[PDB]
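Visitor: To start, I am sharing the structure in question, which I have written as structure tokens.
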Amino acid sequence: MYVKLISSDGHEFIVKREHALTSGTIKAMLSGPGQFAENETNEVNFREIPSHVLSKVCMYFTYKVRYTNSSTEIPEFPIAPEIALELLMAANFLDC
Amino acid sequence: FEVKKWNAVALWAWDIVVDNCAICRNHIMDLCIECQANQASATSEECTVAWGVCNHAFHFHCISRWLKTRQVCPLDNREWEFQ
Amino acid sequence: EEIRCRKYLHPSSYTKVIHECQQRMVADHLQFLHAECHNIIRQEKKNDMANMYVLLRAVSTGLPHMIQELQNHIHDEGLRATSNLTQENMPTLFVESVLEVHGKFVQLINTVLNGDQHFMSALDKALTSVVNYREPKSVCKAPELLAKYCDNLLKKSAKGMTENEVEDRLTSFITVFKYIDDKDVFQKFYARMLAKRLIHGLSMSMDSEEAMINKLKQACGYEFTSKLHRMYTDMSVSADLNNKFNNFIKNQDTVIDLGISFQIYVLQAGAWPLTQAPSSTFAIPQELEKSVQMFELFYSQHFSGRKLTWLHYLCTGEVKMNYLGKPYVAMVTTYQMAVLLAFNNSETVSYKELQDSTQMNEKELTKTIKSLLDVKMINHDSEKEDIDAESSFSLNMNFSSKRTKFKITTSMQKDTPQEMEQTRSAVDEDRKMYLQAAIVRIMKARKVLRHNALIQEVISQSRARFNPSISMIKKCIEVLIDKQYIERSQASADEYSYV
Amino acid sequence: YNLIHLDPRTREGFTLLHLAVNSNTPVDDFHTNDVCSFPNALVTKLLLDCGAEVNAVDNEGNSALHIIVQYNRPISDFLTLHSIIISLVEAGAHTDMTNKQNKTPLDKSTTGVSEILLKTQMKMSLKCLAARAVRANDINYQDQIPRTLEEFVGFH
Amino acid sequence: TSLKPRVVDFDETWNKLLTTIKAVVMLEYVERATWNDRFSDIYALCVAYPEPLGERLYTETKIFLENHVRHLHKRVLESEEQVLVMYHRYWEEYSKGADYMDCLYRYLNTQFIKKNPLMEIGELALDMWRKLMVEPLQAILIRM
Ligand SMILES: [Zn+2]
Ligand SMILES: [Zn+2]
Ligand SMILES: [Zn+2]
């Protein structure tokens, strides 16, 4: 229940599977030829996503899983000006 | 016997062989994908071939617009230089 | 029953009551209708075809028999229409017959048969069957006939065809052409005939050629009209290059008059099918070196990187005979002009004397001499008409120039039909090379496949071009076997492996 | 569907969907006003089933969602408003798309009922948050991102 | 490497992708690394510079699918007596293959097809199966 989203740098980013399945191309990546019936690592290796933006993607996973049934003044997600336009693409690729 | 008029043909090819502009996937000696449609308003003659230092040929538009946002040669990921 | 069902029943049963009364009188007797659709389409009974299409559309398995039998009828009509063509005007008659069959069977489908997409697909299949129709154990005739149709239509014709003629006939030719399933042969024939039209100025108008190239581009992508459009652009920029050459010669540090003219036709090496086939070791004549060296300097200093390989066999020249009495002006080819300069320093010439001057091999010098002497400009000084060492030829002083335009260029001006088989062989060789490269890529990518699956893959990536014959793909597999690139698997010959 | 593919627009840029979700559509006073009440859930659902451009705009950029969220009777006609919002979100509508005044449909919703209906129908997305950050920081997104993202930050 | 719209030659990335989408529609073995990299290949094709190759990718995927169920159909009716069990084997392979290839083509489905008359690859593969293997064989299949 803990996938391991590799970054292009090489940083393992072990996150709970419930969090990582909110994506489109991470739920799709762990479906088919890669399923890990042995559930040993669940590598979702990204050779395109930088580490500094995949960290924010994982933080978004946690933030969305937490602040989903709230509807009452959710705190802002602090996208830095420099990491934006790199996190827009990294969220378009993974389908948010 | 002296002659007054002569005409001739001659095949020409680049010293290093290259066929297609890698960006727009048209020919380097053809118009780029931009001014091919804009062949009337524009001159449709300034679209010359631009030669990188890595012996790669693209249209001048197709590499000038590529270099406006990124800094890399498109085919092989290296720094460019107009030779 | 549809009207009556509204009057009485609930709307929810508007469908079942009609559907259940279809599956009693149009589907219980479906085979009966299916036993007679043939006749309905063989006589093209418009009312009956319309009624039968309306009837069988509701039935699940009723329509496909009508589709297949309409395809059979259109195929038989195309075979009976495009197989009795006279050999005189065959290029126009083939295209016109396929065009009229297409028009008739799209007017029938669109109005009587409501223009169903399946019926149009059946029409397309039948017309593809009749267009790519060949004699037993014979090559296809569609590409050559359609390429000759375009060549005769786009050339300078004496019938006074208007611009609307090439604007409409070519537009309908695109519809006729889209059914050729062997498009590479047509592409190469159109390239060859377009080259022969462009180099000799035989084309009706460059705008018409550009329109035709654009139409073929819209039909079959950009890779089809790559070489053709490059050739057209070369011919369009040749005039600007000649003007630039005039500017260069008039802008030199020392003023230089060319003497001879220079209407240069620069051509791209890759695009044009014109290739330096023979040795062509023809030394440039002395009167032409002044222009040749200057143009080499101009093309090396103004466009650096473009090596200019001269083709000293396609170049014409306006030659005059001052010793004969200066009669009019004569146009010959450069490929023999040097021996004409021999007549400048000796009224009689020998093959040994000519060999040092023109420097080219005599295997074509003899035929150039023959094409010179048939107009009686140069007569046979000796008696031995056969190819001998001495073989004297003299200048026929009694025969003057018959016309002002003494044209010997007509040997190259007209495109000979003897080169059709050579172009066929070139197409075949390029086809083998392309299929070899594609199958090498496939084998290095997959490395595991079956033979029938290999044929399916070969036709899958050959969809974009000519279709390959099964025996041809088998021969390609054989030549891969004897090229140390593919080998028979140990388990069976069906499996193939890449090393 | 023929007219929907034709894409008709009024003088204010209203498409068929915008009028079908607008309460300010002038219904005729003779007999149509006794039956045809706009906005109507059925007409909008049918337009969406016929392929209406859900993410259309007015002259001032208001989509169908911006138009519906300003509805004046969210209590008595809660069925209609709820069904319109459900259909618009299901057919695909950016619940934070910004008009020319940079107002999300939540910012345009006058009533709290429509606000909370949309919030129930709103799905959080990192693409929208990153696009909002890009627009707020005015980062140059020309050719740096796909064209799809080039318009995604266009209306976010 | 990055997610920015770059220029990709279609005949190379598609050739690398075809050996995978041939081997996942047949339920052959493609490892986790290759299957993950094909997602980046699909993305790079769908946002290629300057012309997005999503339309060409969809066209060639449809052509490959109609050249696969056609091959499966030719494999089906040649075994006339056992067309039921052969159809069941090939359908059991092809249903999971279509689902897996729909998973692989998620970016093309949700960023090109839904924007544009076009069927998603999960829907397209089944629709290619119905029009080329069920409907041609509906006379023999339902009879047996
Ligand atoms: Zn270009
Ligand atoms: Zn240009
Ligand atoms: Zn380069």
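Residue names in the structure tokens use chain letters A, B, ... in the order shown, residue numbers from 1 in each chain, and ligand numbers from 1 in the order shown.
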Determine which residues of chain B receive a DSSP assignment of strand (DSSP E), computed from the backbone, and state them as a PyMOL selection string.

Guide: chain B and resi 3-6+9-14+49-51+57-59

Visitor: Generate a file of the selected residues that holds C-alpha atoms, formatted as a PDB file, in the first residue's frame.

Guide:
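Writing the result to again.pdb gives the following:
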ATOM      1  CA  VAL B   3      28.235  29.823 -79.905  1.00  0.00           C
ATOM      2  CA  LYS B   4      25.879  32.583 -78.786  1.00  0.00           C
ATOM      3  CA  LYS B   5      23.512  30.895 -76.305  1.00  0.00           C
ATOM      4  CA  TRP B   6      24.131  28.094 -73.812  1.00  0.00           C
ATOM      5  CA  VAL B   9      21.666  21.871 -65.609  1.00  0.00           C
ATOM      6  CA  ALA B  10      23.628  20.815 -62.541  1.00  0.00           C
ATOM      7  CA  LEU B  11      22.610  18.781 -59.508  1.00  0.00           C
ATOM      8  CA  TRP B  12      23.507  20.386 -56.180  1.00  0.00           C
ATOM      9  CA  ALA B  13      23.661  18.717 -52.775  1.00  0.00           C
ATOM     10  CA  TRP B  14      24.830  19.802 -49.343  1.00  0.00           C
ATOM     11  CA  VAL B  49      18.178  27.150 -43.901  1.00  0.00           C
ATOM     12  CA  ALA B  50      20.026  27.709 -40.615  1.00  0.00           C
ATOM     13  CA  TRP B  51      23.056  25.488 -40.020  1.00  0.00           C
ATOM     14  CA  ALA B  57      19.960  21.934 -40.714  1.00  0.00           C
ATOM     15  CA  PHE B  58      16.658  23.631 -39.900  1.00  0.00           C
ATOM     16  CA  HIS B  59      14.751  26.529 -41.396  1.00  0.00           C
TER      17      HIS B  59
END

Visitor: Compile the residues of chain E that lie within 7 Å of chain D, evaluated using only C-alpha atoms, and express the compilation as a VMD selection string.

Guide: chain E and resid 4 to 5 47

Visitor: As a quick test: using only C-alpha atoms and all ligand atoms, which residues lie no more than 6 Å away from ligand 3? Give them as an mmCIF file with N, CA, C and O atoms, in the first residue's frame.

Guide:
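File produced: part_30.cif:
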data_model
loop_
_atom_site.group_PDB
_atom_site.id
_atom_site.type_symbol
_atom_site.label_atom_id
_atom_site.label_comp_id
_atom_site.auth_asym_id
_atom_site.auth_seq_id
_atom_site.Cartn_x
_atom_site.Cartn_y
_atom_site.Cartn_z
ATOM 1 N N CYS B 54 26.501 21.559 -34.995
ATOM 2 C CA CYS B 54 26.422 20.107 -34.951
ATOM 3 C C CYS B 54 26.019 19.501 -36.291
ATOM 4 O O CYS B 54 25.540 18.360 -36.322
ATOM 5 N N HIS B 56 23.532 20.094 -38.215
ATOM 6 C CA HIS B 56 22.097 19.885 -38.326
ATOM 7 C C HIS B 56 21.461 21.108 -38.971
ATOM 8 O O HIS B 56 21.797 22.245 -38.629
ATOM 9 N N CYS B 73 19.824 22.396 -28.795
ATOM 10 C CA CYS B 73 19.595 21.895 -30.143
ATOM 11 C C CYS B 73 18.552 20.787 -30.077
ATOM 12 O O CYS B 73 18.625 19.932 -29.189
ATOM 13 N N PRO B 74 17.579 20.764 -30.987
ATOM 14 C CA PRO B 74 16.448 19.834 -30.810
ATOM 15 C C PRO B 74 16.800 18.369 -31.016
ATOM 16 O O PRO B 74 16.383 17.525 -30.213
ATOM 17 N N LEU B 75 17.542 18.037 -32.075
ATOM 18 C CA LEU B 75 17.839 16.637 -32.369
ATOM 19 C C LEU B 75 18.692 16.006 -31.276
ATOM 20 O O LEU B 75 18.248 15.093 -30.570
ATOM 21 N N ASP B 76 19.922 16.481 -31.122
ATOM 22 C CA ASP B 76 20.802 16.058 -30.043
ATOM 23 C C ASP B 76 20.823 17.161 -28.999
ATOM 24 O O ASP B 76 21.065 18.328 -29.329
#

Visitor: Could the residues that lie within 8 Å of ligand 2, counting only C-alpha atoms and all ligand atoms, be listed as a ChimeraX atom specification?

Guide: /B:31-36,44-48,59-62

Visitor: Would you save the residues of that selection, restricted to N, CA, C and O atoms, as a short mmCIF file (atom, residue, chain, number, x, y, z; two decimals), in the first residue's frame?

Guide:
data_model
loop_
_atom_site.label_atom_id
_atom_site.label_comp_id
_atom_site.auth_asym_id
_atom_site.auth_seq_id
_atom_site.Cartn_x
_atom_site.Cartn_y
_atom_site.Cartn_z
N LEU B 31 9.66 25.63 -47.81
CA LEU B 31 9.22 26.59 -46.82
C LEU B 31 8.89 25.90 -45.50
O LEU B 31 8.50 24.73 -45.47
N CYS B 32 9.07 26.63 -44.40
CA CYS B 32 8.75 26.07 -43.10
C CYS B 32 7.23 25.96 -42.95
O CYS B 32 6.46 26.50 -43.74
N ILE B 33 6.82 25.25 -41.90
CA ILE B 33 5.40 25.03 -41.65
C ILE B 33 4.64 26.31 -41.35
O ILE B 33 3.41 26.33 -41.43
N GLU B 34 5.35 27.39 -41.01
CA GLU B 34 4.72 28.66 -40.67
C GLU B 34 4.36 29.46 -41.92
O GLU B 34 3.18 29.73 -42.18
N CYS B 35 5.36 29.84 -42.71
CA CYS B 35 5.15 30.71 -43.86
C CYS B 35 4.72 29.95 -45.11
O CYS B 35 4.53 30.58 -46.16
N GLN B 36 4.58 28.63 -45.04
CA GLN B 36 3.97 27.89 -46.14
C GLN B 36 2.51 28.32 -46.33
O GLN B 36 2.06 28.52 -47.46
N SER B 44 8.01 35.16 -48.36
CA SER B 44 8.17 33.73 -48.63
C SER B 44 9.51 33.42 -49.29
O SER B 44 9.64 32.46 -50.04
N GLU B 45 10.52 34.24 -49.00
CA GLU B 45 11.88 34.02 -49.48
C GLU B 45 12.92 34.09 -48.38
O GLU B 45 14.00 33.49 -48.53
N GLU B 46 12.65 34.77 -47.27
CA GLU B 46 13.59 34.86 -46.15
C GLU B 46 13.70 33.55 -45.38
O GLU B 46 14.59 33.44 -44.53
N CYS B 47 12.84 32.58 -45.65
CA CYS B 47 12.88 31.30 -44.95
C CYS B 47 14.06 30.46 -45.42
O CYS B 47 13.87 29.44 -46.10
N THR B 48 15.27 30.87 -45.07
CA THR B 48 16.47 30.16 -45.45
C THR B 48 16.79 29.07 -44.43
O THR B 48 16.21 29.00 -43.35
N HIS B 59 15.12 25.21 -40.90
CA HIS B 59 14.75 26.53 -41.40
C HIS B 59 15.07 27.58 -40.35
O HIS B 59 15.08 27.31 -39.14
N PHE B 60 15.36 28.80 -40.81
CA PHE B 60 15.72 29.86 -39.88
C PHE B 60 14.56 30.19 -38.95
O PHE B 60 14.76 30.47 -37.76
N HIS B 61 13.33 30.17 -39.47
CA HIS B 61 12.16 30.35 -38.61
C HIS B 61 12.03 29.20 -37.62
O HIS B 61 11.78 29.42 -36.42
N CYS B 62 12.20 27.96 -38.09
CA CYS B 62 11.94 26.78 -37.27
C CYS B 62 12.93 26.62 -36.13
O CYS B 62 12.61 25.93 -35.15
#

Visitor: Provide as a ChimeraX atom specification the residues of chain C at most 7 Å from chain B, counting only C-alpha atoms.

Guide: /C:230,259-269,287,305-311,314-322,341,344

Visitor: Between B:28, B:40, B:67, B:53, which residue has the minimum interatomic distance to chain E, considering only C-alpha atoms?

Guide: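 Checking each of B:28, B:40, B:67, B:53 against chain E, counting only C-alpha atoms, the winner is B:67.
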
Visitor: Which polymer residues have any atom within 10 Å of an atom of residue 65 in chain E, counting only C-alpha atoms, with same-chain residues fewer than 3 positions away left out, as a list in words?

Guide: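 So the residues in contact are residues 21, 22, 25, 59, 60, 61, 62, 68, 69, 70, 71, 98, 121, 124, 125, 126, 127, 128, 129 and 132 of chain E.
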
Visitor: CA of residue 23 in chain C and CA of residue 113 in chain C are how many Å apart?

Guide: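 Separating CA of residue 23 in chain C from CA of residue 113 in chain C is a distance of 21.6 Å.
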
Visitor: Determine which residues of range 1-81 of chain B receive a DSSP assignment of helix (DSSP H, G or I), computed from the backbone, and state them as number ranges by chain.

Guide: B: 60-64

Visitor: Might you pull out every residue within 7 Å of range 81-91 of chain D, with only C-alpha atoms counted and same-chain residues fewer than 3 positions away left off, and present them as a PDB file with C-alpha atoms, in the first residue's frame?

Guide:
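Below is the file that was written, selection_2.pdb:
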ATOM      1  CA  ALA D  41     -33.089  21.069 -16.433  1.00  0.00           C
ATOM      2  CA  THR D  44     -29.976  21.754 -20.773  1.00  0.00           C
ATOM      3  CA  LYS D  45     -29.565  17.999 -20.310  1.00  0.00           C
ATOM      4  CA  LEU D  48     -25.538  18.505 -23.464  1.00  0.00           C
ATOM      5  CA  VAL D  54     -20.052  23.277 -22.120  1.00  0.00           C
ATOM      6  CA  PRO D  74     -32.383  28.208  -5.437  1.00  0.00           C
ATOM      7  CA  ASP D  77     -36.531  25.506  -7.742  1.00  0.00           C
ATOM      8  CA  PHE D  78     -33.691  23.547  -6.133  1.00  0.00           C
ATOM      9  CA  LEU D 117     -23.857  22.784  -4.702  1.00  0.00           C
ATOM     10  CA  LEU D 118     -20.889  23.677  -6.899  1.00  0.00           C
ATOM     11  CA  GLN D 121     -19.635  19.101  -7.545  1.00  0.00           C
TER      12      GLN D 121
END

Visitor: At a cut-off of 12 Å, which residues of chain A touch chain E? Count only C-alpha atoms and give the answer as a count of residues only.

Guide: 43

Visitor: Give me the residues within 10 Å of residue 50 in chain C as a short mmCIF file (atom, residue, chain, number, x, y, z; two decimals) with N, CA, C and O atoms, in the first residue's frame, counting only C-alpha atoms and dropping any in the same chain fewer than 6 places off.

Guide:
data_model
loop_
_atom_site.label_atom_id
_atom_site.label_comp_id
_atom_site.auth_asym_id
_atom_site.auth_seq_id
_atom_site.Cartn_x
_atom_site.Cartn_y
_atom_site.Cartn_z
N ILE C 40 -32.19 -6.68 -58.55
CA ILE C 40 -32.54 -5.30 -58.22
C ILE C 40 -31.36 -4.38 -58.48
O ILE C 40 -31.55 -3.22 -58.87
N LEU C 108 -26.29 7.17 -57.73
CA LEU C 108 -27.24 6.14 -57.32
C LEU C 108 -27.25 5.96 -55.81
O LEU C 108 -28.32 5.83 -55.20
N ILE C 109 -26.07 5.94 -55.19
CA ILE C 109 -26.00 5.69 -53.76
C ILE C 109 -26.54 6.88 -52.97
O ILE C 109 -27.28 6.71 -52.00
N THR C 111 -28.71 9.31 -53.73
CA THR C 111 -30.13 9.63 -53.85
C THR C 111 -31.01 8.42 -53.57
O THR C 111 -31.87 8.46 -52.68
N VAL C 112 -30.83 7.33 -54.33
CA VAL C 112 -31.69 6.16 -54.18
C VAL C 112 -31.39 5.45 -52.86
O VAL C 112 -32.30 5.09 -52.11
N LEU C 113 -30.11 5.25 -52.55
CA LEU C 113 -29.69 4.49 -51.39
C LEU C 113 -29.40 5.37 -50.18
O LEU C 113 -28.77 4.90 -49.22
N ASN C 114 -29.82 6.63 -50.21
CA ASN C 114 -29.70 7.59 -49.11
C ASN C 114 -28.26 7.88 -48.72
O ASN C 114 -28.02 8.48 -47.66
#

Visitor: Should the cut-off be 9 Å, what would the residue list for chain B against chain D look like, counting only C-alpha atoms, as an mmCIF file with C-alpha atoms, in the first residue's frame?

Guide:
data_model
loop_
_atom_site.group_PDB
_atom_site.id
_atom_site.type_symbol
_atom_site.label_atom_id
_atom_site.label_comp_id
_atom_site.auth_asym_id
_atom_site.auth_seq_id
_atom_site.Cartn_x
_atom_site.Cartn_y
_atom_site.Cartn_z
ATOM 1 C CA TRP B 66 12.574 27.112 -31.073
ATOM 2 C CA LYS B 68 13.017 31.901 -28.259
ATOM 3 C CA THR B 69 11.871 29.776 -25.299
ATOM 4 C CA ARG B 70 14.351 26.905 -24.836
#
